[PDB]
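Spelled out from the first residue to the last, the chains are:
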Amino acid sequence: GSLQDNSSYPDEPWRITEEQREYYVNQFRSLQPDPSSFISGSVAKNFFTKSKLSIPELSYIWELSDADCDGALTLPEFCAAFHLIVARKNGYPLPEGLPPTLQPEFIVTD
Ligand SMILES: [Ca+2]
């Protein structure tokens, strides 16, 4: 009788309407003086550490953020970067992140 589920609202395309993009730019802006422009790579990876709680696990968070070894990410690029950081403080399981995806650490399945 407890734990119900009369609500339907999946998530993927990050669909929205100035409801999340506003808070997404207010952060990337705290460091980026320009309205949009692009933030550096070592600069964003410096504060990005604020969710995984201890254990520096930003190695996979950034590996997915950057996509051209440019060590930089325009504002549009940061829009997805933070989307991955919230997944930790949100409690969302890890769907993907690396090319592989089966048992790179559990060979013996028995
Ligand atoms: Ca990039």
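Heads up: the structure comes first, above all this text.
Cut-off values and rules
- Residues numbered from 1 in each chain as written, not as in the entry; some residues may be left out.
- Heavy atoms only, no water.
- Helix = DSSP H or I, 4+ residues; strand = E, 2+ residues; numbered from the N terminus.
- Rg over C-alpha atoms; globule rule 2.2 N^0.38 Å.
- Buried < 20%, exposed > 50% of the residue type's maximum accessible area, 1.4 Å probe, protein only.
- Contact = heavy atoms within 4.5 Å.
- Areas by Shrake-Rupley, 256 points an atom, 1.4 Å probe, with all protein chains shown as cover.
- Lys, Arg positive; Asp, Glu negative; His and termini not counted.
- Charge placed at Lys NZ, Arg CZ, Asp CG, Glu CD.
- Donors = N, O, S within 2.8 Å, 3.2 Å for Na, K, Ca; no water.
- Tetrahedral: all angles 85-135°; square planar, octahedral: opposite > 155°, others 65-115°.
- Core = buried A, V, L, I, M, F, W, Y, C linked by side-chain atoms within 4.5 Å.
- 1 Å grid on protein atoms, 1.4 Å probe; cavity = no way out; pocket = protein on both sides within 12 Å on 5 of 7 lines; lining within 4 Å.
- Points joined across faces, edges and corners; volume = space filled by probe spheres on them.
- Nonpolar A, V, L, I, M, F, W, Y, C, P; charged D, E, K, R; others polar.
- Polar contact = N/O pair within 3.5 Å; in protein donor to acceptor, adjacent residues only side chain to side chain.

Novice: What should I look at first to understand the overall build of the chain in this one?
Specialist: Helix and strand counts for the chain come out as four helices and two strands. Here the C-alpha radius of gyration of the chain, 17 Å, is well above what a compact globule of 110 residues would show, namely 13 Å. Taking the principal axes of the C-alpha coordinates as reference, the chain spans close to 55 × 40 × 25 Å. Taking all 110 residues of the chain together, 22% fall into the buried category. Look at the contacts in the chain between residues 6 or more apart in sequence, and 58% of them connect residues 24 or more apart. Total accessible area on the chain stands at roughly 8,900 Å², and carbon and sulfur atoms take up 53% of it. Separation between the mean location of the 8 positive side-chain charges and that of the 16 negative ones in the chain comes to 9 Å.

Novice: What exactly am I supposed to notice about the coordination of the calcium ion here?
Specialist: In an ideal octahedron of six donors the angles at the metal are 90 or 180 degrees, and in an ideal tetrahedron of four donors they are 109.5 degrees. Taken together, the protein donors to the calcium ion comprise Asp66 (OD), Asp68 (OD), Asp70 (OD), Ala72 (O), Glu77 (OE) and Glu77 (OE), at separations of 2.6 to 2.9 Å. Geometry at the calcium ion is irregular, judged from the six donor atoms that bind it and their angles of 48 to 172° at the metal. Mapped onto the sequence, the donors of the calcium ion take the spacing D-x1-D-x1-D-x1-A-x4-E.

Novice: Is there a simple way to explain the nonpolar core in this structure?
Specialist: A general trend in soluble globular proteins is that nonpolar side chains are found buried together. Counting residues in each nonpolar core, the largest one holds 13 residues, and the members touching the most others are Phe28, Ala44, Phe47, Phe48, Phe78, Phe82 and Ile85. Mapped by element, the contributors of at least two residues to this core are α1 (21–31), α2 (41–47), α3 (58–65) and α4 (75–90). In terms of residues, this core owes the most to one element, α4, which gives five residues.

Novice: What is the right way to look at empty space enclosed by the protein in this model?
Specialist: Think of a ball as big as a water molecule: rolled over the atoms, this probe shows where empty space is left. A complete count under the given rule lists two cavities of 30 Å³ or more for this structure. Approximately 70 Å³ is the volume found for the largest cavity. In this structure, the largest cavity is lined by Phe48, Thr49, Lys50, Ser51, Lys52, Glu57, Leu58, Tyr60, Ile61, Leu84, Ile85 and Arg88. Of the residues contributing to the lining of the largest cavity, the split by class is six nonpolar, two polar and four charged. Surrounding the second largest cavity, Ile39, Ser40, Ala44, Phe48, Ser65, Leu73, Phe78 and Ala81 form its lining.

Novice: I keep staring at the side chain of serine 51 and nothing clicks. Help me out?
Specialist: Along the polypeptide, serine 51 turns up in the loop between α2 and α3. With a relative accessible area of 10%, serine 51 lands in the buried category. At 3.4 Å, the side chain of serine 51 forms a polar contact with the backbone oxygen of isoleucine 85. Here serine 51 is in contact with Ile85, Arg88 and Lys89, once residues within four sequence places are set aside.

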